[PDB]
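Presented below, as structure tokens, is a lone chain in the form deposited in one PDB entry.
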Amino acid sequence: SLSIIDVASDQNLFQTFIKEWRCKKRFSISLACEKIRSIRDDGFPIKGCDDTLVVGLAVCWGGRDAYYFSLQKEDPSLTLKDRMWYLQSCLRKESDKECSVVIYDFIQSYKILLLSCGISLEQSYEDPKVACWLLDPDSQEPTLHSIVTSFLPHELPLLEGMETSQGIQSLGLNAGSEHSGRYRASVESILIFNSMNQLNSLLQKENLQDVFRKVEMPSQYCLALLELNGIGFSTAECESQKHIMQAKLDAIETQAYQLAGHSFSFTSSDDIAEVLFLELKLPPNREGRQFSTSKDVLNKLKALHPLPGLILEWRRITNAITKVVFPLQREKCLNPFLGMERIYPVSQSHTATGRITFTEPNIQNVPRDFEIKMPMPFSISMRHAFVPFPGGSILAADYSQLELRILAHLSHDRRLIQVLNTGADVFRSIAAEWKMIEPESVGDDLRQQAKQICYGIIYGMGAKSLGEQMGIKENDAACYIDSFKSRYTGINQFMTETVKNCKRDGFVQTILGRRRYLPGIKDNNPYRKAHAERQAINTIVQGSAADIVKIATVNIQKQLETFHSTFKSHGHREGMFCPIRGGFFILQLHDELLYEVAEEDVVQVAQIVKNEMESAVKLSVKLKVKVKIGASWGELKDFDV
């Protein structure tokens, strides 16, 4: 059955285990965590969860043999210092040591190994959860129990009476079930190693291991570095914005109260509907629940009466002040090592299109520069609150219409290629065509609306929805759709070809080989069929974009790893020259990367990005990247030197 080897029990056993580990090229280390049971005696305390303490590691390189490694203060001959030195020695790559480390929940394992244990891995990684995601990107988040059931049933009974295996975290990370940390870590390590062998066989069968080891797992490593770094958050430039928007809120409240003649609650939709549609006789739309008070109907009614405009403005600003201001202010970590407050989001890569999202909180869902003025515009935005460390500047690198360039690549539209190769800025052109104005006369919000429209036709938009958004009639929207389709016939050819491919093969192929499965295209419902077709088109295009940005991330990390021989990330800095210097990667926005570059390497690192993002993949269309730098994310300015 289960065979746990207590390595730290005998000196000879420890030495032969170390020799075998050094002679091994594929291991499955893991972590063990227990309760305090009341620091520096049970193990290294885990950052964040002060009630949890690390205990041991579990390494399994085949079969059911789990070699448990103890970092406890207790074999008295083997002290903690030389044991730590040995563990660091066998967990580092050197002299072409092509070792693969299989860790479940690699980001969290890397973080705990760095901050508390003080050791950072440098070998190839083979996270089994990532491979399970690669198999079925649209599937639910893979817990240990799910991957064990779906990829290792014979050894599945090893989890009998183990309710902790169903949690999101690894078996050896949770502070739950009564099982000891050592045994839990050992059984989890055996299970993940065997399941990862099965997953590697499956990926080799599917021809997906290259995209799993060359870009995907290095992208997980980059995301671990991003989680270690965090985003520099300053409350000096956030509290002021919060107070300004609260002042605007109360001003709008008083104005609406004096206009309507009475005080009413804005949050309640029924009261707003009664006040606006009934009392003020505003024209109701076709479609409790007496009237609909959605954003689009309020926007349509903005011109007719001033009050709906104030209501809509109050709703946004309160959405900014509750869904954004509160999550950011609630979780900010003040660390003296960087000398300023930061925020550490949790990077989730299990999205259905290969995109990278952030949970607790969602940083990318921060309101942009929207200007509102009260008794000229203030340009209120919380993006300015993301001030980097002192002596450093945020260096974003926005892809210049990556989605359109990629679509032109797999569509081979001569007109699209020739309009993207130049600095035409097709979004400005379509905005100028729509508004019958000069391209330079367009604004930021107008250009954003134009780009939303253009991507709407690009991914497939109904005539009615395009009419409601564009403010034009349904027939005019249909004629606009037809003109857009006829102008770019290659886009239609690519869309039809990829829809046919999704219907035939049952899935779609990203340009780096990753696949997403859409059974819904075979659904008899016309809604489901059309939704799955548009889902397939956007899935291939957006997965290509996300894989391009992930290749850019891993290439930039490699380039600033070879250069700038300093501490790799703030997590490595706190794992324990003095000046902060590096190209730390702090945020991804689904099309761009934020780098908290130091004030001395602003230009050179930027150039590196402008290389690696440009030559990430040799496409049919040159991938323009605008590198912007600034003292904050809010007011970053373009840099073309």
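In this text, residue numbers run from 1 along the sequence as written. Throughout, rigid core stands for the largest set of C-alpha atoms superposing within 1.5 Å between the two forms.
Deposited sequence between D82 and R83: no residues lack coordinates (chain continuous). Unmodelled residues of the deposited sequence between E287 and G288: 10 or more.
The same protein also exists as the form deposited in another entry; that form is not shown, yet it is the one meant from here on.
Of the residues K81, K295, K473, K205, exactly one exceeds or equals a 2 Å C-alpha shift between this form and the one not shown once the rigid core is aligned, and that residue is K473. Core-superposed comparison between this form and the one not shown: the C-alpha position of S441 differs by no less than 2 Å.
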